[PDB]
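Considered here are two forms of the same protein chain, supplied as structure tokens in two stand-alone entries, structure 1 and structure 2.
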Structure 1
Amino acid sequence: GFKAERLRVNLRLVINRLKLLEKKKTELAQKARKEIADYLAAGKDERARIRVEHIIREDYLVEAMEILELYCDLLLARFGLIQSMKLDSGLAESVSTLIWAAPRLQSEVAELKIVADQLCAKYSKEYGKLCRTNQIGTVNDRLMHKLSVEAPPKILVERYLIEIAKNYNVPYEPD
């Protein structure tokens, strides 16, 4: 049961929700950068080294919500193309990536579920699973990576620490 109005409404609600969360998480991460500055000055460098990984995860998550927002923007911008026919290859990445990211992020942005669901209804649930587990190969690599909750590289962490150190004028201790 594909409803074209249902899709646009929720695509819109998603943009609004992303905008909000991006702003929130950027604030939360900024206070966390300050908290780490306190550890680095203390310090407390093994604690800074462990905690700064949360900041790396938050920042990636913000960038991921941005990319999603872009994809909602580009879908709404070419919403005529959506319906119909019938999928345009120019919107392939946008549609696939949104179906992919939905299960992961519907924890915070609920409407993202409806967006993926409606996109499925328009292009079949066969297309649905080809995306959700990237078998179709159109889902954005950099976006998936930002949502890949694995371990951050040593140098990225170091880096985060030397930048916080420079910003807040605290001393930095190498590893």
Structure 2
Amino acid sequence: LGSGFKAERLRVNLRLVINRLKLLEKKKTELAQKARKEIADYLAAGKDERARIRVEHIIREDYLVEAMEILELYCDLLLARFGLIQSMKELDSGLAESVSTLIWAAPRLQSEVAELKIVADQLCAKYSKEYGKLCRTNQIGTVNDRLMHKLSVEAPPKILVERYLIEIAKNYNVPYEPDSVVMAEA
């Protein structure tokens, strides 16, 4: 029968992922400044309720850029230690976090980083579809907890929303009064 694992396709796509992440970190950071300005325009007008909803995107994007930097590290590690993948059949204990986390992250980010799907499919070819499915749910228990947190699809805590609006309002010198209850219960 045979193996679907194509080591060189994994190696190429790991590098492509790193470059794509470096590009998206910069682009997203720049876009985030524009978005903060738009929130300040909301506050100046003084569409408080609308700002509280819309600012959730900025929070998610800020967390995403930090997740991308983590993923960049893991790709670079696998490239550096690539011999351990291709020359040995068992998953190296020290690479388990990097491999599992890349497989977990792929579905979450593939819409913007297409080559991450290829990286994960190849890691699944190498380490089994069964292992891959346990990674995508973190049933495997080795996916990086900080990374998963940054990519959480949970609505941000009210206090975080308030803290972001407070800071944007300061930076643009526009009025804003935080939800006092939210601030108190923090």
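Take the two forms, superpose them, and find the largest set of C-alpha atoms that agree within 1.5 Å; that set is the rigid core. Residues that one form lacks are left out of the comparison. Each residue is numbered by where it sits in the sequence of structure 1, with counting from 1.
Comparing the forms between structure 1 and structure 2, the C-alpha position of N167 differs by 2 angstroms or more, with the core used for superposition.
Annotation for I50: C-alpha shift of 2 angstroms or more between structure 1 and structure 2, rigid core superposed. Here the chain acts as two rigid units, and between structure 1 and structure 2 the smaller unit rotates by 14°. On a core-based overlay, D141 has a Cα shift of 1.2 Å between structure 1 and structure 2.
In sequence order, the runs of at least 3 consecutive residues whose Cα atoms each shift by 2 Å or more between structure 1 and structure 2, relative to the superposed core, are 33-52, 157-159, 161-175.
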